[PDB]
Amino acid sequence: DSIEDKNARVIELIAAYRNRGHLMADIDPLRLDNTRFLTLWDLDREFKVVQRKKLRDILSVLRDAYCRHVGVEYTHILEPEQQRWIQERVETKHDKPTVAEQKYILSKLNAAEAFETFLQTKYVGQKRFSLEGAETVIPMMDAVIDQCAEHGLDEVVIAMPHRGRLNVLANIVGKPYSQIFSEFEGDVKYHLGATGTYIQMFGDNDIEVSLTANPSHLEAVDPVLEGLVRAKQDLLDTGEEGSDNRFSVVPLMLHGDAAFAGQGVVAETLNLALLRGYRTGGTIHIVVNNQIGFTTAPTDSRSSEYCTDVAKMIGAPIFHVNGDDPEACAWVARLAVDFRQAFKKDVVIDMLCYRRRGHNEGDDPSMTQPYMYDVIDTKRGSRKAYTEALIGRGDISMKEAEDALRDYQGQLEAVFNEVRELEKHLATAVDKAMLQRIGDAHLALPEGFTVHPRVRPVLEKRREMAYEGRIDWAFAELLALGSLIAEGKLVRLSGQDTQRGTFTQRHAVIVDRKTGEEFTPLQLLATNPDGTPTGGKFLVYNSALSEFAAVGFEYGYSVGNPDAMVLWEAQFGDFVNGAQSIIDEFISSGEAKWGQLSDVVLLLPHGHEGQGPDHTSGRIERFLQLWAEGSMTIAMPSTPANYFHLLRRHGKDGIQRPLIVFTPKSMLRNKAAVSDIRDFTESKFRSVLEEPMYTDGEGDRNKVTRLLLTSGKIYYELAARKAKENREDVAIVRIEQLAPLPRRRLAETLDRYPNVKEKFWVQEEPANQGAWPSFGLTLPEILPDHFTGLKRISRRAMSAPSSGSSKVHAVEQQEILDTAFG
């Protein structure tokens, strides 16, 4: 072998360390895997790298950069400038931290361990939430926040599971012990949100630090955190919808090793990282990798080398770091923030540590992991180990070690003392000009814009509707959103193909036929006729093909900005069961559990049209089952004007409560399902609606002996059958607001039909679905003088939302109408 052959192997060796050195790094503080770890004469031979270096010197730089307490994964990144940035900061001789910095890390380890000792000594059942063996996450998190403050950023928003939460609250968020342990019994405090101010120890800046609320459902909060941060960024005019590119609100997402690899919402949330409608300018992820998930070993938890491998999905750099090295942990945390600031992309920190105690109380973890726990039993605490390492290296004197010990005792006294002291003692109507302005906006096209020939009639029809009436559902929605933007409200609308609309009805964004340029007619309403801004905005997006992460994000966004109108639209309501964890754990229940309020709107296209069991139902029955007084508003409007007033009421009521709307599909193009101008200018939301022959016509309510109560599009088919047979003995009353039940309005309406001898709840849905399961039980109870004897007319009970046959659908639909008028 010649110098030419020797060179080729040296360049291949340099590449091998850059690509795979992380597989040999000393990252495990337990050293469980023993098997984990050119000739000798070539060591003093020089090689071109435009430097010249001896092979021993090349090896020394490579082993220090890639094979000590930090394992770097970055050659998978497709952007070469990002690879070079990491390479330059990792392949250099590092300046040892100053004694003041080392003592500061020790002070944080003192506070972390003193807090855990307090928690495990004072209370029962705290073992499951213990941070013992992972305490280095406290100086790590502190280094993340300090680095964000160093960049002069505005806020760090944290999301995390239970492990170390109270520790984080005290030692990171800075909440007093008297508030954390107030009436402490695990506790609800493990789930609550918090805010505080972080002050740099060595720098000139302060930064807000907050923590979002979350359920026990590991990782479900990940997309909620992203939406909350985006909402705050939009308010601060930073990031994607901001005049600056600082993304000055930082998501800091904490995870566990087994949950990060197994929960699909992790991948869904990473997939939002660079999207125009969802990007937050990069998240800082910290995985508390204690190499166990309750009793489960990593080999049964994941199919890859690392728990963090999913982050390779978006080309994020990954830093595997030894939790027994708090200096390497703090350094990795600062580098992660710097990378996030430089490239506005996610960084993942895999902190390798251990779980000192059993997962629960009384649990002896040597039952299922005897080898791991025999090794853990030999481990000294992170604080004692770091104190001893500082003495050994001569970084601190024995007098300073004694100072550190007295500091630790004082940290212990401080928390016991404080807890000891605590235990002792409006119209939604708009004027004609407003309707006309929104209509005219659809034709106020930019100079030289080419409308698609199939889109142009929609624009012209909207101006026609705004001035002359017969307003359809899709325009009534834009009238609601547009009038809110003109009144200074931020409106955020998103979902799958939501810009155009699944049923080609919305056209919130129109595309130039020759250039592809976009035009948003409702954005013109963000400017008053005189040219001044209203303060309003239209943020409309096509989401990713997600339900869990997308619904989570919109819930999060509404929490981050309570003054925003936030709407998420399902392609068909049948796909919202993909976001069941957000509905159950956040939307329907967050106010009662955490005092956390949300005004998020869910739009669920619903209706029996013979398109099958996945294109028929938004499961009204599930949302009604989840409901309890004051938790959500649930509606199925039958008219475009009533939908318009429902959205405007929701946006202007000053109440933060989720709204669930079962929206139409074929009823979008039903010519009978149109509204008059008067319905927008001189009316309000109608929780209960009567037939126009009684309110506007000459119909006689006294002739009615059979009352049909219903909701949604089946109203029009019932009304048509009544008109066909000239059935004056039958009346159809619509319940527009399904929850809260409009008890008073419903009673006052039914009293206007004195000769009614029988009442029926009519619905398209199977008997075990729709509004019947809750209404059949609740109506005779809350209105016994009106609804005792109430009977049901519906499709038979089914294990699916509908039949899979359109012919069977049509036969069943006719059977309901025939029974209603039989």
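So that there is no doubt, residue numbering starts at 1 and follows the sequence shown.
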Between neighbours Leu38 and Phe37, residues that the deposited sequence lists but the model omits
10 or more
What size is the break between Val49 and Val50 in terms of deposited sequence residues left without coordinates: none, 1 to 3, 4 to 9, or 10 or more?
4 to 9
Mean C-alpha B factor from the entry: is it higher for 358-366 or for 321-329?
358-366
Can you tell me which stretch has the higher mean Cα B-factor, 691-699 or 565-573?
691-699
Which of these, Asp350, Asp222, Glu402, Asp599, has its C-alpha atom at the highest B-factor, as the entry lists it?
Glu402
Can you tell me which of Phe644, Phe339, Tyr278, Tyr177 has the highest Cα temperature factor in the record?
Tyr177
Within this chain's modelled residues, let me know which third the CA B factor of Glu765 belongs to: lowest, middle or highest.
lowest
Which third, lowest, middle or highest, does the CA B-factor of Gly152 fall in along this chain?
middle
Entry-reported C-alpha B-factor of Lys807 relative to its chain, by third, is middle
Sorting the chain's modelled residues by C-alpha B-factor, tell me whether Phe538 ends up in the lowest, middle or highest third.
middle
Which third, lowest, middle or highest, does the C-alpha temperature factor of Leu43 belong to within its own chain?
highest
